[PDB]
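Notes for the structure review
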Amino acid sequence: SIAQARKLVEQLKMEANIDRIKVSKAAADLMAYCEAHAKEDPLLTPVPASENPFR
Amino acid sequence: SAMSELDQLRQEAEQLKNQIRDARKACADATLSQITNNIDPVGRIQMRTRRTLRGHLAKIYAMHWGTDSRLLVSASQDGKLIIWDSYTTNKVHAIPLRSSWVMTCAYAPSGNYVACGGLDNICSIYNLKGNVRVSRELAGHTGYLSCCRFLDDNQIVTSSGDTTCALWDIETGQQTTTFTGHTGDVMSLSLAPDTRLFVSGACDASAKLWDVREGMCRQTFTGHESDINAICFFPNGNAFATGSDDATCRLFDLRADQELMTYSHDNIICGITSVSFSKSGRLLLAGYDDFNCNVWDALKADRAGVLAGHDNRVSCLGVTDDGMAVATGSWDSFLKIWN
Amino acid sequence: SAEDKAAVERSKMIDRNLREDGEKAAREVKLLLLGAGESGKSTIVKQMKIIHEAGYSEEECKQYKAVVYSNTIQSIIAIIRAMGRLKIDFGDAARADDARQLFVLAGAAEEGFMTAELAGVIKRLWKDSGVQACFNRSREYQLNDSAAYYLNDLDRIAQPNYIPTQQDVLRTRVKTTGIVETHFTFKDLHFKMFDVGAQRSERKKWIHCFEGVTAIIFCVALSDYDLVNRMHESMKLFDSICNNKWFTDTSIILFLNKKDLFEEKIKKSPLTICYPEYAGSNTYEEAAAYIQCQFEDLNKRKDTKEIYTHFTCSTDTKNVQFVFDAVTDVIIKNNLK
Ligand SMILES: Nc1nc2c(ncn2[C@@H]2O[C@H](COP(=O)(O)OP(=O)(O)O)[C@@H](O)[C@H]2O)c(=O)[nH]1
C-alpha cells in the first residue's frame, strides 16, 4: 500500500480538531432564518397574481 | 515491516474516526424535528406549469437560472446550449458545442458568460457579448466534468469524475487550487453565499466542505447509502442538503458537523438527480428518477407537494433568486417553469 | 407588444435551425468504441478516415512526423529502463555512454526532434545485443507493440526529408483523456463513432449517456494474454458492458484485435499462462477460438442478445475494410423496422 495512508490520518486529525456546536442551537438558527424571510418567500407566500410574471 | 507500519496507521485512523463519531453524538442534545414541532406545517401547496420550453431534441442533463431571475440556460446532449427568456419563452441563443456530450452548464452572475462541460473532460467558457463564440477552454481534468460554478467572471470551480474538484483562474486559464481526498467520482458542487466555502457530492457517499482560499477540506459528512448526485447550500450558509441514489435527501449542519435531518418516503426508491432550496430555505425541491419532483418541508421533514410534468426522469432543478419560479429539466427534452 | 416582436422573430430563426440540425442528426448511425487502453480503438478510427474518407494526405501525415519520433524515443528508453530491473548488461560496455546521451538528448525538446546525433545513438543501442535480449523479454514489462516497427525502420525515419507513410500514422500511439468523435459516410449511411479514450472514472455514472446508440465496438487485444491479468481484466469489463441494461437494444460487436501478434506469440508463450485450465494444443486457430468462447460465455442474455465476434488486425486497412463491411450489414439486418 501507499504512504498516502499517513496523509489520511493527518486529515482525520484536522477533521478531529474543530469547534462543534449543540444541535438545538444550530436547529434554532435555521428556524430563525426561515421565519425571518418567510414573508419574502413567493412559494410560501402567495404573491398577488397581478404582479407575478407568469399568469 | 511495511505492513506493521500500515497496521499502526490503520489503528490510528480507526481511533480518530471513533472520536469524531463520539464528539458528534455528544453534540446532539436535541434534533431538528423536535425543535420545529410547534411550527405550523406548510400543508399541501399546489403549483402549476406556467411555461413549457420546447426545442431541445434530446436529453437535458443540466440547467442554470440567470441572476436576473429571467434568463436561464440548459445543456442537452443534442449538442446544444440554449439561453431562454422564461417570460416570453423566446430562445435568446443557441450555442453549438464541439462535444455533444455535456453533463453540466452554468450561468455567470454578471450574465456575461456561460459555461458547460461533459465527457470531453473540459469546461468551456462562452462569451455572450451578434452571435456567441467560445472564449476559454479549461483543460486538465482526467475525468468527466460533472459540475461547474462561477465565483465571478474570472473564477470558476469545477468538479469531475477523476474524484477532484478545482478552482480555476479563467484569465490565465490555469487551475489555481486543486481539491483532493474524495475516493469516488464527484457528481456535484455548491458554493457558499459568500464564496468562502463550497461543498461537494460524490460516489463515495460522502459530502465534503472545502476552504476556497486556503484550499483544504474542513469537514467530511457521511451517512448516505449510495452516490450523492446533488448538493445545495441553505441560504444562510450554515447548512446544506444532499440528493442521492439511496432515494433520500439529507440536511447537514456545518457548525454541528453532522446530519440534521433525512427527507425520504417509503415507496420512494428511485435515485435523486437534483436539489434546490427555496428563497427562505423552508422548501427543499428534489428531482427524482420517477419523472417527478417532490417538494419537501425542510424544517418539518414532510412532503409539501409533488410536481409531475415530465414523461422522463427529471435531471435538474433551479429556483430563481427572487424565488418566484421553479425550473425543472428532464430526459423528455422539455423544460417547465412552475409557479 | 410591438418592438419586442423583433426578438420573437430571432427566436423563430433559431427554432428553425434546431429543426434543420435535428433532421440530419436522426439519419446518423452512432457507434461506440470501448475496451481497455492499447486495444486499437485509436487505430480503427484512423482506418475509418483512411477507408471511408479521403484518408491521410501528405500534409496530414506531416503533422504526425513529430509523434513518430516521440514514439520511437519513448520505446528504446523503456527497454533501457527495463535492463536495470532485469539485470541485463549491455553487449558492449560503451553502449552505456549512448544510453546516457539518449536520456540527455531526450531532454533537449518537449517535442520529438530528430537529428543525426540522436539517430546514431538510438541505432547503436538498438543493434546492441544486450538491448535485444531485453527486447525478447518485453513480456515482462510495459512496451509498445509498434516499438520494433519503428526501430527497425529507423534508418528511413532518421532521414532529413522523411515523411510518414499511412502505415506509420496508423502505428503511432497517443493518449487523450477527452472523448474523441469522428464522422464519415459509407453506403449512403452517416456515422458518428465515439471513443471515450482515456476516461478515468467509475463507468457506472456515465454509461447511461450512451443508451440507444446503434452498436458497440468493443476492442480486445489478444496478445495481452501473457502480460501481467490484462486479458481477464478485459473480460470483466466486457461482462459488464455486454449485459448492461442500457445497451439492451444496442448491437454488441466484439473485435478480437492484434491477431497478427497473437499468432506469432503463441509459438512461444502458452495460453495456459492466461487460462491454466486449458488442455488444448497451442495453435493460433484453437487458442484464438478458445478466447472467443471465454468472452462469449459471459453473456447472460444468450436467449435474447447475440454477440457478433470478429478476429481482426487493425493496422491492416484491407482486413478492417472487410470486417467493417460485415459490421455495416449486421447493423442493417439487426436493426430495421
Ligand atoms: N502489431 C499490431 N499492432 C497494432 C494492431 N492494432 C493496433 N496496433 C498498435 O497498437 C497500439 C494500440 O492502439 P491504440 O489505437 O492506441 O488503442 P487504444 O489505446 O485502445 O485507443 C497502437 O500503437 C497501434 O498502432 C495489430 O493488429 N497488430
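Residues numbered from 1 in each chain as written, not as in the entry; some residues may be left out. Chains lettered and ligands numbered in written order. Heavy atoms only, no water.

Structure determination for this PDB entry was carried out by X-ray crystallography, with a resolution of 3.000 Å recorded in the header.

Focus: the packing of helix α4 (residues 95-105) of chain C against helix α5 (residues 116-127) of chain C
Residue and element names in this part refer to chain C. What counts is decided by this rule: Between N-to-C directions, angles cover 0 to 180 degrees, with each direction set by a line fitted to C-alpha atoms, over the stretch in contact for helices. Here a strand is any run of E in DSSP of at least two residues, a helix any run of H or I of at least four, and the numbering for each starts at the N terminus. Note on angle classes: values under 35 degrees are labelled roughly parallel, values over 145 roughly antiparallel, values of 65 to 115 roughly perpendicular, and the remainder oblique. The crossing is said to be left-handed when, going from far helix to near helix, the turn is anticlockwise and less than a right angle, and right-handed when the turn is clockwise. Pairs of residues are marked as contacts when any of their non-hydrogen atoms sit within 4.5 Å. Following the grouping adopted for this structure description, the nonpolar residues are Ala, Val, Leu, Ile, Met, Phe, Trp, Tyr, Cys and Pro, the charged ones are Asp, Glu, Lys and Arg, and the polar ones are all others, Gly among them.
It is at 9 Å that the axes of α4 and α5 come closest, and there the two elements cross at 135°. With respect to each other, α4 and α5 are oriented oblique. For the pair α4 and α5, the crossing hand works out as left-handed. Together, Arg 95, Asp 98, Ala 99, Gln 101, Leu 102 and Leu 105 of α4 and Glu 117, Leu 118, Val 121, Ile 122, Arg 124 and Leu 125 of α5 make up the contact between the two elements. Among the residues forming the contact of α4 with α5, the class breakdown is 7 nonpolar, 1 polar and 4 charged.

As for the site of the ligand
Residues and elements named next belong to chain C. How we decide: Throughout, the term near means that a residue has one or more heavy atoms lying within 4 Å of the molecule or strand in question. Any N or O atom pair separated by 3.5 Å or less is treated as a polar contact, with the protein-specific requirement of one donor-capable and one acceptor-capable atom, and with residues adjacent in sequence counted only for side-chain atom pairs.
Near the ligand there are 20 residues, and of these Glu 38, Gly 40, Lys 41, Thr 43 and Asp 260 occur at the shortest range. Here an oxygen atom of the ligand sits 3.0 Å away from a polar atom, N or O, in the main chain of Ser 39. Backbone polar atom of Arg 171 to an oxygen atom of the ligand: 2.9 Å apart, as the coordinates give it. Of all elements in the fold, only α2 (41-52), α9 (166-171) and α11 (259-265) reach the threshold of two or more residues within the shell around the ligand. Element by element, the count of residues in the shell around the ligand is highest for α2, at 3 residues.

Quick look at the sheet that holds strand β28 (residues 335-338) of chain B
Residues and elements named next belong to chain B. Operational definition: Only strands that DSSP links by at least two bridges are regarded as paired with each other.
Overall, antiparallel pairing links the 4 strands, which are arranged β1-β28-β27-β26 in an open sheet. Sheet topology places β1 (49-53) and β26 (314-319) at the edges, where each strand pairs with a single neighbour. Across the sheet, the mean angle separating the axes of adjacent strands is 20° when strand polarity is ignored. Two elements, β1 and β28, share 4 bridges in a ladder whose sense is antiparallel. Among the inter-strand pairings, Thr 52 is bridged to a residue of β28, identified as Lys 336.

Thoughts on the interface of chain B and chain A
Rule in force here: The term buried area denotes the loss of accessible surface (1.4 Å probe radius) that occurs when two parts are joined, taken as the sum for both partners. Each reported salt bridge corresponds to a side-chain nitrogen of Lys or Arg within 4 Å of a carboxyl oxygen of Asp or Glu.
Counting residues at the interface gives 56 residues for chain B, matched by 38 residues for chain A. Between chain B and chain A, the buried area comes to about 4,200 Å², and carbon and sulfur atoms account for 69% of it. Its largest share of buried area at the contact with chain A, chain B owes to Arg 255, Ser 280 and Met 324 of chain B, together 15% of the area lost on that side. Inspection of the chain B/chain A interface yields 6 salt bridges.

Quick word on empty space enclosed by the protein
All names here are of chain C. Counted only if it meets this: The pocket and cavity definitions rest on a 1 Å grid over protein atoms only: a 1.4 Å probe that fits but cannot leave marks a cavity, an open set with protein on both sides within 12 Å along at least five of seven lines marks a pocket, and residues lining either have an atom within 4 Å of a point. Grid points are joined across faces, edges and corners, and a volume is the space filled by probe spheres set on the points.
By volume, the largest cavity amounts to about 40 Å³. As for the largest cavity, its lining consists of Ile 44, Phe 255, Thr 312, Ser 314, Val 320, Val 323 and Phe 324. Sort the elements by how many residues they give to the lining of the largest cavity and helix α13 (residues 317-334) lands first, with 3 residues. Of the residues belonging to the lining of the largest cavity, the class tally is 5 nonpolar, 2 polar and no charged.

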